[PDB]
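K.L.:
here's my sequence, what's the structure:
(6 chains, ligands or ions: 12)
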Amino acid sequence: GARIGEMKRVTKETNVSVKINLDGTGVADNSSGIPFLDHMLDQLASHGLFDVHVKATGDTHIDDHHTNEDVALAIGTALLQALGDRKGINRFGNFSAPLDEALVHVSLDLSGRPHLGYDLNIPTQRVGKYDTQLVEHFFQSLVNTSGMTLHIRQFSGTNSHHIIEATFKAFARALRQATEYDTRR
Amino acid sequence: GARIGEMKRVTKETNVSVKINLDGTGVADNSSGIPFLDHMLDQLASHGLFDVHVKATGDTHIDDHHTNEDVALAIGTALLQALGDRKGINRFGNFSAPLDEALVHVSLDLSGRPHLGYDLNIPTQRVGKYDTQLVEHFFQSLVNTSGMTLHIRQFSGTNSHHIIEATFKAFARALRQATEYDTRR
Amino acid sequence: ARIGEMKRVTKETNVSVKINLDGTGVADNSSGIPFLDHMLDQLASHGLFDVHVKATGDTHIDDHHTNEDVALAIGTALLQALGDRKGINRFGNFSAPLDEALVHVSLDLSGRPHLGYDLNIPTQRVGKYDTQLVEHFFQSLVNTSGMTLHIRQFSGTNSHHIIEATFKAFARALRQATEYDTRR
Amino acid sequence: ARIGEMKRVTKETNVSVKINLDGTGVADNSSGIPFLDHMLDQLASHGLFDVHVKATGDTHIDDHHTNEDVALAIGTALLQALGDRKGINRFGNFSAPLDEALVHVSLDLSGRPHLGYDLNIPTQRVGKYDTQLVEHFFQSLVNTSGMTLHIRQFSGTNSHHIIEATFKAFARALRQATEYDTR
Amino acid sequence: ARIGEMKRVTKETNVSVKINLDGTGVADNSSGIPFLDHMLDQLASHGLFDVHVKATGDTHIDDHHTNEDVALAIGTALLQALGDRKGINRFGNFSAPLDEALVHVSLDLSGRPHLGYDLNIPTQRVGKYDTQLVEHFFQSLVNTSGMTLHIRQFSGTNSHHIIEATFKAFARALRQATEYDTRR
Amino acid sequence: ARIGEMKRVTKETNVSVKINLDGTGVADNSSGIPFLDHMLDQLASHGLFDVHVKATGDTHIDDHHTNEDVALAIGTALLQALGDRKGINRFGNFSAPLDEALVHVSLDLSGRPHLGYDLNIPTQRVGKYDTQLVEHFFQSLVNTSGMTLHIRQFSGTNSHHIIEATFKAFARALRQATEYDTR
Ligand SMILES: [Mn+2]
Ligand SMILES: [Mn+2]
Ligand SMILES: [Mn+2]
Ligand SMILES: [Mn+2]
Ligand SMILES: [Mn+2]
Ligand SMILES: [Mn+2]
Ligand SMILES: [Mn+2]
Ligand SMILES: [Mn+2]
Ligand SMILES: [Mn+2]
Ligand SMILES: [Mn+2]
Ligand SMILES: [Mn+2]
Ligand SMILES: [Mn+2]
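P.N.:
Residues are numbered from 1 along each chain as shown, chains lettered A, B, ... in the order given. Ligands and ions are numbered 1, 2, ... in the order given. See the structure here:
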């Protein structure tokens, strides 16, 4: 069957609905209220071959922080639900993704023990309207609810959009590897 | 009885109305024209158990500075009015508040002598649309009209929203302690 | 009374934990690691928790797996005992001196795990206990309890004093956080 | 009420101290050192102790011997008042601002004496009071009371403010440590 | 089979290239530069490409023009063989050891040319081959293939080892990128 | 199945090793060194090798000779199992995290021995296991297997985590290198 996780999370700050298919075809259906995060979630779908559905409304008139955090939390929980007992999967994923001058390596373990090692050097404070501090917070929150070990390391890069997008491409392809089944097991 | 302070302050730049209940239940009713400041004033209510009512219109088309300053000034005066003779209260308040990776300590004395010692290190210039320089100015203006001694010290923190929100949480809980009655007196 | 229980059996360890947040300081700790037992006793005596920990494990390899699985189980029991966390102080703060050592702990039963760890332990072993396991104990406890936890050493030169002051401060900060806020 | 009393007569000093741990803030301090009297008053006012200190001594030499013997007697009086120390909070913590100064005090009525002292007092005299005597006051008090005491300055430029904030923080930390743990 | 061919004749050089992306490792390289031939052989043996390169040029001046025009022609042949690039892995990564040398290559058949080049080659000549030509080879190949290419040396002291490890890693990363993604 | 077996008896040690390159993760490790047994188990679990190690030795001196002779025998057993090394991937690469630790392993079953070792293990003992023996284990394994082996730590503060991540990465890199290149 297909491993699908779903989470609806409604707080005073945000209203979030997430659906992810680990065995998808790359369907991207993201409307988080944060356009740049939508663009990154689209890359998660296209490069991981996940089906990624995210719909959120939130207090973005304050800033994007609460929406960003609650979407990441919901995605992490949906990933955890889809993974189930995690029997027979590769479990580990590794990928170095270039995007022009940027190069970011991601290494991860669907271990059940949350840890984020974050070593990006994003040189500007905003990409579009998106606060670049929210990139670290997105992956921290996703790690916290999914229970994964996640290491993100920038080897090259000067354009903030390129650095962040390379991160999502590498994360997407590393996560695809980790979630795929180990045929020898 | 309940200690309630009220101040309406109308200038060429701003029109401000403030009502604070030191003996409240955490009612938050904040519409300052500055959404991030509203969010921080909500935390003042929820974490201090103050009832906090703030309504302001102002020249936010110039920037948020005048509104931020006049709201803080009015709040400080309302706090001073609510405190009265300050007989029998704890007078001093201390609290260290974490918010994820951030940790901010606040120490204060309802002394009648204004002083702000401000030692935050906010790494970005805007949270949402809110100019992070306005955090220091908010507490300076509040100190000036309330007459309190206020020390704010950041021990940890990398996310600007977390640092500022931890500051308001610690301030709220320190102020609650300082305003509560000393039963032994 | 808010009581949490967790029994966790792996190929490496067999762990049973019961904690009473509204206890009287009953300490009943046999983790297989004597120094950790001594620290868990302080949790009970200084936090006024009832703490029951029983574990066997592959300590012939090292104390790592037992230390980790005990901490994981305690965090889950703490989360279970806390329930909806309604009406509690939620935050706790305490600076504990122990002779020349002074350690501050600040914590929030927020549901969001984070460990900020700033101890400077000068030796590698207290008794047989590997001092690297102190950080791993609190990291694992944070991961299953959902706590925000900051530990900062302001003074200290004896490793036993530094670690014990940490547990005393943690115990008293956790007691404060779990107690009820009368106004709420 | 938990009252401690100590009369200490040396060739240098004649000191009488009485402290009520369960007092109301009664301050009656005449040590022969006016600034120390002001500080002991803050101990009563902010700790809600009743503090009676009367001393004569060889202040024509300097204030050192009087300062030392007063602190020794206070520490003994405090220990006597504490008794078996059963049921008390035992630990005390407080950060006290005084304008630009901010001093944290953490203590444990442990029975094991230790002073950790980290003030940065920028002048040598407040009035006629030698600022070296602040450290010696707390060291001697720790020696006879047997308490663990940590004093840390986080802010401060005025010597009077720094020292007064220290006594305010010490008084409130000591009040917390001597009070009963209701649970 | 995806086969690319390019014949490029200038006043300086006469170059003919044919590459089979779905080959068996057939190596047929006579560029006029023996060390480059040795490197192009590794492209075939380690990438399982069929690589045919024949060039004559003004090597009596130096190897520069031949090196550049060979690399330009290979990049064009690679682009021609790739076609619409539909359904392929697109990205390739490989770290190749060669004794003490270790070189990582990461590439994307993105269509956007970029060379990130971080080798530290300690000598100026391997045989008769000027080691400045290594960077120019990959820069020229990137320019005509439309590839994003990052080359990073993690270890290495022998220039022949460093350069050969680079071509082995490039060959295996390129093989991965050109192979088909079964799920797509 | 590709099985290698080596029995090595010195005046210091008596070692028997059997490895199945095409195994299912069967772990049967009794080297006399409990932490090394734990690491060899990870080799089986994460590499899907069948790993049988039985050794007795002069561990009353220290673990060095046992550690060394076990690694030598494993390297020989691996080489014997590889045979002509025809049709295999030959190269292996893997980055393995373990909580805060992250270790990359790159190797080539080249026949030319080399160890490039860049770990930063912050303590001298994990349990009773001397952490100097990690480098010596891989150096000896390289010497008898003839492999090119590069080990690089990118992150890590806990010695147990760093060493375990190294074995996980080595096991998965070795699995990749021994598997058949289908094309
Ligand atoms: Mn947040
Ligand atoms: Mn883009
Ligand atoms: Mn202004
Ligand atoms: Mn917020
Ligand atoms: Mn561990
Ligand atoms: Mn002890
Ligand atoms: Mn003296
Ligand atoms: Mn004064
Ligand atoms: Mn040129
Ligand atoms: Mn060669
Ligand atoms: Mn040796
Ligand atoms: Mn282990």
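K.L.:
all strands for chain A, in order.
P.N.:
For chain A, the strands defined by DSSP state E occupy A:4-10, A:14-21, A:28-31, A:51-58, A:92-99, A:102-109, A:115-119, A:126-127, A:130-131, A:149-156.
K.L.:
can you list these in TSV and add distance to chain B and mean neighbour count?
P.N.:
Quick note: C-beta positions are derived from backbone N, CA and C, even for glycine. Formatted as TSV, the strands of chain A follow (distance: least, CB to the nearest CB, whole Å; neighbours: other CB atoms under 10 Å in any protein chain shown):
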stretch	distance to chain B	mean neighbour count
strand A:4-10	18	16
strand A:14-21	13	22
strand A:28-31	20	17
strand A:51-58	12	21
strand A:92-99	24	26
strand A:102-109	19	26
strand A:115-119	10	18
strand A:126-127	8	18
strand A:130-131	7	23
strand A:149-156	15	21
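K.L.:
among the ones you listed, which is nearest chain C?
P.N.:
strand A:115-119 (8.5 Å; CB to the nearest CB).
K.L.:
report all helices and strands that that closest one contacts.
P.N.:
Strand A:115-119 makes packing contacts with helix A:133-146, strand A:149-156 when contacts are defined by 3 or more CB pairs under 8 Å, 6 or more residues apart in numbering or on different chains; DSSP states H and E.
K.L.:
ok now do the residue of chain A at minimum distance from chain D, which residues does it touch?
P.N.:
Residue nearest to chain D within chain A: residue A:133 (27.9 Å; CB to the nearest CB). Taking CB atoms under 8 Å, 6 or more residues apart in numbering or on different chains, we find residue A:133 in contact with A:125, B:123-124, B:158-161.
K.L.:
on that earlier part again, need the strands of chain A in CSV with distance to residue A:38, can you?
P.N.:
CSV is the format used below for these (distance: least, CB to CB, whole Å):
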stretch, distance to residue A:38
strand A:4-10, 18
strand A:14-21, 13
strand A:28-31, 4
strand A:51-58, 8
strand A:92-99, 18
strand A:102-109, 20
strand A:115-119, 22
strand A:126-127, 13
strand A:130-131, 10
strand A:149-156, 20
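K.L.:
re earlier: quick one: which of the contacts of residue A:133 is nearest residue A:142?
P.N.:
The shortest approach to residue A:142 among those belongs to residue B:159, at 15.5 Å (CB to CB).
K.L.:
tell me the contacts of that closest one?
P.N.:
Taking CB under 8 Å, 6+ apart, one finds A:133, A:136-137, B:100-102 in contact with residue B:159.
K.L.:
ok, residue A:48 next?
P.N.:
Residue A:48 is in contact with A:26, A:172-173, A:175-176, counting by CB under 8 Å, 6+ apart.
K.L.:
distance to chain F added to the residues you listed, as CSV?
P.N.:
Converted to CSV, these look like this (distance: CB to the nearest CB, whole Å):
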residue, distance to chain F
A:26, 25
A:172, 17
A:173, 13
A:175, 13
A:176, 16
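K.L.:
can you tell me which of these has the most neighbours?
P.N.:
With neighbours taken as other CB atoms under 10 Å in any protein chain shown, the top of the contacts of residue A:48 is residue A:172, carrying 26 neighbours.
K.L.:
surely that residue and residue A:52 touch.
P.N.:
No. Using CB atoms under 8 Å as the test, residue A:172 is too far from residue A:52 to be in contact (9.4 Å).
K.L.:
got the residues of chain A near chain F?
P.N.:
Counting by CB under 8 Å from any CB of the partner chain, the residues of chain A close to chain F are A:92, A:94, A:105, A:107-109, A:111, A:113, A:115, A:117, A:149-151, A:153, A:184-185.
K.L.:
kindly recompute the last result at 6 Å.
P.N.:
Residues of chain A lying close to chain F (CB under 6 Å from any CB of the partner chain) are A:94, A:107, A:109, A:113, A:115, A:117, A:149, A:151, A:184.
K.L.:
what distance do you get for residue A:10 to residue A:41?
P.N.:
Per CB to CB, to the nearest Å, residue A:10 is found 20 Å from residue A:41.
K.L.:
ok, the spatially closest residue to residue A:11 that is not a sequence neighbour - how many residues close by?
P.N.:
Once flanking residues are discounted, residue A:11 sits nearest to residue A:70: 6.4 Å by CB to CB, 6 or more residues apart in numbering or on different chains. Neighbourhood size, residue A:70 [other CB under 10 Å]: 22.
K.L.:
show me the contacts for residue A:52.
P.N.:
Going by CB atoms under 6 Å, 6 or more residues apart in numbering or on different chains, residue A:52 touches A:20, A:28, A:41, A:44-45.
K.L.:
quick check: bridge partners of it?
P.N.:
residue A:20, residue A:28 (DSSP bridges).
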